[PDB]
Structure formats: C-alpha cells, structure tokens
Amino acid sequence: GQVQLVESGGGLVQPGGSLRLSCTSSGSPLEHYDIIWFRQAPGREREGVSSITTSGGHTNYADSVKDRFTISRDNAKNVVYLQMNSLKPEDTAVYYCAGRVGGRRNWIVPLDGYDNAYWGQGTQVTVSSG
C-alpha cells in the first residue's frame, strides 16, 4: 500500500523548552522511507529543518536548528523522532514529515527534498509565553 505519514507531538511550549515530535506511518512501514522534517509558518516559506536516511546513518540539519534539533528513528517501532530543545518563538510553525523510498547511496538526504514526497497532515508547534 501507499505510505500514509502521521505526525504528532506538537503543542504549546514556553521559550527555552523542549518538545519531541514523532512521525509514524500506516499503509507501508516507515523503515523503507527517507524522512525530512520541514516546517511552515503562515506568511513564510516552507523550511526543511532535518532529514534522516532509512538506516539512520546520515542526518542533516538546517543551520537555524543545528545543535538544538536532533532527528532519529526506530524502525522496529515504525517511528521517526524530532527532539527540539531550546525552542524559540521563531520555531512556531506547522511541522510536516516528507518521505521518499530511501536509496542506498552514502550521502545525506537534502533538506529541500520535500518538493516531491509523501507528506503528513502536520502538527502545530507554538512557542510563546502566553
């Protein structure tokens, strides 16, 4: 079956706080897919923030999130995770997962690869003091 990605874990957090987003799949196991977390806030362009290969052996991060975000996956649990520490108001956005059948080349997954991918429905992340 065709993969159906589903993101969760969003919500409201204070500046400086952490959230852990996660993505699972129905239809087809997530283990077959390279995964990019990208985000979009209303009024701004989509932004790939992190990516990971099927095996987990190549990860990639946007400068805007490096050192704060960590992507990982657990194929036995059929899940991909995005740990977001030291969150900032500028990180507010809907976060989407984009997937492609993953290849075997020894290289990172480019962050702008969501332009041709399966997409989830997104999970809202809001960083504010109110």
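Numbering starts at 1 and follows the sequence shown.
The PDB entry records a higher mean C-alpha B factor for 62-70 than for its counterpart among 62-70 and 31-39. Per-stretch averaging of Cα B factors for 76-84 and 99-107 places 76-84 on top.
In the deposited entry, the Cα temperature factor of residue 16 sits in the top third of values across the chain's modelled residues. Per-chain ranking of the deposited C-alpha B factor places residue 2 in the highest third. For residue 8, the recorded CA temperature factor ranks within the middle third of the chain's modelled residues. In the deposited entry, the Cα temperature factor of residue 89 places it in the highest third of its chain's modelled residues.
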